[PDB]
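Chain A is the first sequence line, chain B the second, and so forth, proteins listed ahead of strands; every chain is numbered from 1.
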Amino acid sequence: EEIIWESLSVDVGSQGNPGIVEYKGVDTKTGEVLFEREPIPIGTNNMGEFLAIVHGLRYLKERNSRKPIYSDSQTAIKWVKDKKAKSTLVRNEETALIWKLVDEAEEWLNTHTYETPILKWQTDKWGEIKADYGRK
RNA sequence: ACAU
DNA sequence: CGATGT
Ligand SMILES: [K+]
Ligand SMILES: [K+]
Ligand SMILES: [K+]
Ligand SMILES: [Mg+2]
Ligand SMILES: [Mg+2]
C-alpha cells in the first residue's frame, strides 16, 4: 500500500551464495546507514537476511524506538517470527562463524521481548529496498 | 509459484 | 546461468 517512511530497512549483501555475507541497516526516509556488519567468510543469503532483522530489533530496542523494520526476505521474516532459522547450510569448520551468529541471534530472540512490526518491503511495487547493495 |  | 528458502 503506502510505504511507512518512519522505519528501519535492512538487507544482506553477498559475494556468492553461499559465500561472503554482510548486512546493513538504513533509515528508510534518508538512506543514512545506521549499522553494518563486518563480512562473514561463508554464509547464505537467508542467514544474512535473518541476522540483519535480529540486529535491527536489538538496535531499535537499545534506543527505545518503536519504528518498524522492513525486509525484502519472506524467508527471514518467517524465521524471525518462528525464532528459528531453518537453514540448509552444512555445519562444519568453514561455516562455524555464521552458525555461531545465527545461534546467538536465536538465543537473543528467546530471552528478550519486542513489539517491533517486521514488514515486507514490496519490491515489485516500490523498487529495491533502500538498504540494498546495488550488486544485482 | 513466490520471496531472495 | 548458479544458489537459498516457503
Ligand atoms: K531484491
Ligand atoms: K544487490
Ligand atoms: K527454487
Ligand atoms: Mg534482501
Ligand atoms: Mg538486496
Side-chain angles (χ1 to χ4, degrees):
Chain A
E1 250 291 59
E2 246 178 69
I3 295 163
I4 298 174
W5 288 103
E6 187 175 303
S7 65
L8 171 66
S9 291
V10 303
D11 200 20
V12 74
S14 89
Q15 183 183 319
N17 184 34
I20 301 171
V21 163
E22 62 199 290
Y23 64 74
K24 70 175 186 281
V26 311
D27 192 315
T28 303
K29 187 194 307 285
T30 68
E32 180 184 5
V33 180
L34 299 177
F35 56 81
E36 294 188 272
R37 166 66 212 196
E38 175 182 294
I40 299 145
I42 305 184
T44 66
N45 66 324
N46 293 321
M47 281 177 154
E49 296 275 22
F50 173 78
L51 296 179
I53 296 172
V54 182
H55 193 81
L57 289 173
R58 298 177 72 165
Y59 179 91
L60 292 171
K61 186 180 182 70
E62 177 75 31
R63 286 158 184 77
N64 293 316
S65 177
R66 288 175 55 79
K67 292 178 186 177
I69 293 170
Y70 277 115
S71 173
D72 61 36
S73 171
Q74 185 184 126
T75 293
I77 293 171
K78 182 184 187 288
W79 285 0
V80 173
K81 172 178 188 141
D82 296 337
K83 307 183 185 291
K84 179 60 166 39
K86 200 173 158 157
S87 177
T88 67
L89 185 70
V90 63
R91 278 186 191 261
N92 62 19
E93 304 95 335
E94 300 178 347
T95 66
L97 179 53
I98 192 86
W99 271 115
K100 175 182 194 281
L101 294 175
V102 167
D103 290 346
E104 290 167 345
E106 292 174 348
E107 171 61 33
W108 186 91
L109 291 170
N110 282 315
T111 51
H112 297 76
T113 64
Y114 67 86
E115 305 198 352
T116 305
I118 301 173
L119 309 177
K120 178 70 172 74
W121 182 266
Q122 298 181 48
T123 305
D124 57 337
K125 300 177 186 175
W126 303 338
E128 289 289 329
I129 197 165
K130 294 193 69 180
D132 179 62
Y133 281 77
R135 300 176 177 175
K136 300 188 315 298

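- A donor-acceptor pair is defined here as one N or O able to donate and one able to accept, closer than 3.5 Å; such a pair exists between the side chain of A/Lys24 and the backbone of A/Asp132.
- Under a hydrophobic clustering in which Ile, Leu, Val, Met, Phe, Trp and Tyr are joined whenever their side-chain heavy atoms come within less than 4.5 Å, directly or via other members, A/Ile53 and A/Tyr59 fall into the same cluster.
- Through side-chain heavy atoms spaced under 4.5 Å, either directly or across other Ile, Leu, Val, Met, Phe, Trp or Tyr residues, A/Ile129 is tied to A/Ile3, A/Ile4, A/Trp5, A/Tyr70, A/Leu119, A/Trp121, A/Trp126.
- RNA chain B is contacted by A/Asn45, A/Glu49 of residues 19-51 of chain A, taking any non-hydrogen atom closer than 4.0 Å.
- Distance CD1 (A/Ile53) to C1' (B/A3): 12 Å, rounded to an integer number of Å.
- Of the possible polar contacts, one joining the A/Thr95 side chain to the A/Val90 backbone as a donor-acceptor pair under 3.5 Å is found.
- Note: CG (A/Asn17) to P (C/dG2) measures 14 Å, nearest angstrom.
- The ring pair (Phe, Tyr, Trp, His ring centres under 6.0 Å) check on A/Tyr133 picks up nothing, with sequence neighbours excluded.
- One atom, CG of A/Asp72, and another, P of B/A3, lie 11 Å apart when rounded to the nearest Å.
- Atom CD of A/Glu107 sits about 9.0 Å away from atom NE2 of A/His112, to the nearest 0.5 Å.
- To the nearest angstrom, P of C/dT6 lies 9 Å from CD of A/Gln74.
- For A/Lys86, the side chain to side chain contact (heavy atoms under 4.5 Å, CB included) partners at least two apart in sequence or on another chain are A/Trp79.
- Here CH2 of A/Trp99 is found 4.0 Å from CE of A/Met47. Values are rounded to the nearest 0.5 Å.
- For A/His55 (side chain) and A/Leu51 (main-chain N/O), no donor-acceptor pair under 3.5 Å exists by modelled atom type.
- Between A/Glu22 and A/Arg135 there is a salt bridge, since at least one side-chain N of the basic residue sits less than 4.0 Å from a carboxylate O of the acidic one.
- Taken residue by residue, residues 76-104 of chain A places no heavy atom nearer than 4.0 Å to RNA chain B.
- For residues 120-136 of chain A, proximity to RNA chain B is found at A/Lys120, A/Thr123, defined as any non-hydrogen atom under 4.0 angstrom from a strand atom.
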